[PDB]
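All of the numbers you see were taken from the coordinates with simple rules; none came from a lab. Cβ coordinates were reconstructed from backbone atoms using ideal geometry, including for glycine residues, and neighbour counts include every protein chain displayed.
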Amino acid sequence: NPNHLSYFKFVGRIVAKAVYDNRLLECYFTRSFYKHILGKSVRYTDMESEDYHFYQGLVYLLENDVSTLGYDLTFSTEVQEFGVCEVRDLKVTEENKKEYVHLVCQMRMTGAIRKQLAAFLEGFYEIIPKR
């Protein structure tokens, strides 16, 4: 849909109207999307629901030495958004991997939905103040 951001802002308006009216909707959003609507970071365990084989890659990253990978990595990942695939920087090391897994999970979760999400939040905060 070429207008999709506007429709996400509309549905965000309808969600904030239901909340303002104190009326229950049959919405069942992910914990990720509620975190996005609260401005909270996601956690790597969220990838388990969104992309199991990437969570599994991170679990091979947790509790294992980088030497198990057999090739080097850096802070960059391929993301499909709107059907375009692009390699995006996240800013690897034993200190950074704590950050690599966080930012790569951000990139993989938001990259493909970052603009839909920002439109929804624009629809939401119009009616219900963020604070």
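Could you figure out which of (1) more than 24 Å from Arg131 (Cβ to Cβ); (2) exposed (fewer than 14 other Cβ atoms within 10 Å of the Cβ); (3) under 14 Å from the mean Cα position of the chain (by Cα); (4) of a type in the set (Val, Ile, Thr) isn't true of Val104?
Answer for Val104: the failing condition is (2).
Working only within segment 81-131, note down all residues that are among the hydrophobic types (A, V, I, L, M, F, W, C), under 19 Å from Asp51 (Cα atoms) and either in a helix (DSSP H, G or I) or in contact with a helix residue (DSSP H, G or I) (Cβ under 9 Å, 6 or more places away or on another chain) (or both). Outline the logic, then answer.
Within segment 81-131, the first condition is being among the hydrophobic types (A, V, I, L, M, F, W, C), and the residues that meet it are 82, 84-85, 87, 90, 92, 101, 103-105, 107, 109, 112-113, 117-121, 124, 127-128.
Next cut, under 19 Å from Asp51 (Cα atoms) only: 82, 84-85, 87, 90, 101, 103-105, 107, 109, 112-113, 117.
Correct list: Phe82, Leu90, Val101, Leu103, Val104, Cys105, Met107, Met109, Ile113, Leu117.
Looking only at segment 58-75, count how many residues are within 21 Å of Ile113 (Cα to Cα) and either exposed (fewer than 15 other Cβ atoms within 10 Å of the Cβ) or touching a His at 6+ places or on another chain (Cβ under 9 Å) (or both).
0
Would you check if there is a residue in segment 4-20 being more than 20 Å from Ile127 (Cβ to Cβ) and touching a helix residue (DSSP H, G or I) at 6+ places or on another chain (Cβ under 6 Å)?
no
Does segment 4-43 hold any residues that are outside any helix (DSSP H, G or I) and over 21 Å from the mean Cα position of the chain (by Cα), and which are they? Explain how you work it out, then say what you get.
Filtering segment 4-43 for residues outside any helix (DSSP H, G or I) gives 22-30, 39-43.
Of everything in segment 4-43, those that are outside any helix (DSSP H, G or I) and over 21 Å from the mean Cα position of the chain (by Cα) turn out to be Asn22, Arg23, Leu24, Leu25, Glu26.
Among (1) under 25 Å from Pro129 (Cα atoms); (2) surrounded by 15 or more Cβ atoms within 10 Å (Cβ to Cβ), where does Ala18 come up short?
So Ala18 meets the others, but not (2).
Within segment 35-57, take every residue that is over 14 Å from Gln106 (Cβ atoms) and of a type in the set (A, V, I, L, M, F, W, C) and give me the one that is surrounded by the most Cβ atoms within 10 Å (Cβ to Cβ).
Restricting to residues being over 14 Å from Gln106 (Cβ atoms) and of a type in the set (A, V, I, L, M, F, W, C), the top hit is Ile37.
Residue check, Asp46 against (1) on the phi > 0 side of the Ramachandran plot; (2) touching a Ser or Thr at 6+ places or on another chain (Cβ under 6 Å), all met but one. Which one?
Only one criterion in (1) on the phi > 0 side of the Ramachandran plot; (2) touching a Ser or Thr at 6+ places or on another chain (Cβ under 6 Å) is unmet by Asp46, namely (1).
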